[PDB]
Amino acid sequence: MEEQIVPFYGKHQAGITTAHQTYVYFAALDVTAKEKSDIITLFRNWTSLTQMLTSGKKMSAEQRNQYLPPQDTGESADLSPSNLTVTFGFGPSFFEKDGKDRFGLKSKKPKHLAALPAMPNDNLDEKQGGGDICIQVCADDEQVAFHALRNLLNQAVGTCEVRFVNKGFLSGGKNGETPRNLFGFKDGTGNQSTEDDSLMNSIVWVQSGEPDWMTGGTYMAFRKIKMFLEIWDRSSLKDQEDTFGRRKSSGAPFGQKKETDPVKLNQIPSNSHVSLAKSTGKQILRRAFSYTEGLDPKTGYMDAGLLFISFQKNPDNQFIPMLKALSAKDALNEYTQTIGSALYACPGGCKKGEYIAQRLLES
């Protein structure tokens, strides 16, 4: 190809319809500062630095003063940009924490930004969820990704405490096949094409009915979903395919030849994952990554799962009904448990000369 540089500036924030990279670092933060003007400072600086990290500009580093810290941590000096994207979102608690509109922003609050409803089978750790700000960092190289997060978080010392940092991977096939999750199934097929503007306009991107700063933005849902690999791996192929209602290998819906053939609902169990998701009639854009965090001390097996991230213009319409219908009855519940949860509103894109969330934080 050419180079791996994804624009930072644009109508939309990168990292959403951007072709899905291999690695993610996913972080949520709380603001401890009390003035809005501290926040403007954080967003201005986050903006300058994201532009620089994603563009491929390297900091010269001829430090005028040996006695100060280097402005960059340096572990990416010799690395390509690797399609780095950084996407920012704001949780409900940014607009109103514990009854208080801390920053005078409750009137610019997005139409559908609220914590997700409790669902059956949830086993949420509150500290593994929520947050005032999320940063989603993606790249084709784990070290490029970590470097961007670390340097971004360094800038937030004084203003924000870091709540959690997750990270994940998902490898696409050598010839561009749909990437497989840890259950060994193709994961993404049902997404519409990220290159179809019409469909992305109708499924993902905010155009009306929200505060101006959300124009060209979207909502991001996050669910941290542990996957029980040892249970799954001991299951028959029949149980695996029936759980989803596609064939493992081909990815095709039952009774069909190809991955991309329409789902025949009447040929798949009612409570198969695909049946339940498709049957709400609604669409989202899933952009998830697998994770592993070593051994689970409470299990003695691998701690592994899915960092479920989806984008949608109206989560009340598009997402929560899906969540409701799967949480009750999904065959997949046999093999998974949700342990983290958040919904964030992601601002529209940054224009050159403005900063992220400006039309929110100003005037």
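From 1 onward, residues are counted along the sequence shown.
Is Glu62 unresolved, in the sense of carrying no coordinates, in at least a third of the other compared entries?
In at least a third of the other entries, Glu62 has no coordinates.
For the C-alpha atoms alone, is the average B factor greater in 168 to 176 or in 101 to 109, going by the entry?
Between 101 to 109 and 168 to 176, it is 101 to 109.
Tell me which stretch, 45 to 53 or 62 to 70, has the higher mean Cα B-factor listed in the entry.
Comparing 62 to 70 with 45 to 53, the higher mean C-alpha B-factor belongs to 62 to 70.
From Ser236, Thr292, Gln267, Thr218, can you pick the one with the highest C-alpha B factor in the entry?
So the option with the highest C-alpha B-factor is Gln267.
Of the options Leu84, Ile225, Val274, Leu124, which has the highest CA B factor as deposited?
Most elevated C-alpha B-factor of the set, per the entry: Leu124.
Taking the chain's C-alpha temperature factors as the reference, tell me which third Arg246 falls into: lowest, middle or highest.
CA B-factor rank for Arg246: middle third.
Which third, lowest, middle or highest, does the CA B-factor of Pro92 fall in along this chain?
As the PDB entry reports it, the C-alpha B-factor of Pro92 lands in the highest third of its chain.
Name the third of the chain's ranked CA B-factors that contains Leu361, choosing lowest, middle or highest.
Ranked within chain, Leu361 CA B lands in the highest tercile.
With respect to C-alpha B-factor, does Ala28 fall in the lowest, middle or highest third of the chain as deposited?
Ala28: CA B-factor falls in the middle third of its chain.
Can you tell me whether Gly305 has a C-alpha B-factor in the lowest, middle or highest third compared with the other modelled residues of the same chain?
Tercile = lowest for this residue's CA B-factor.
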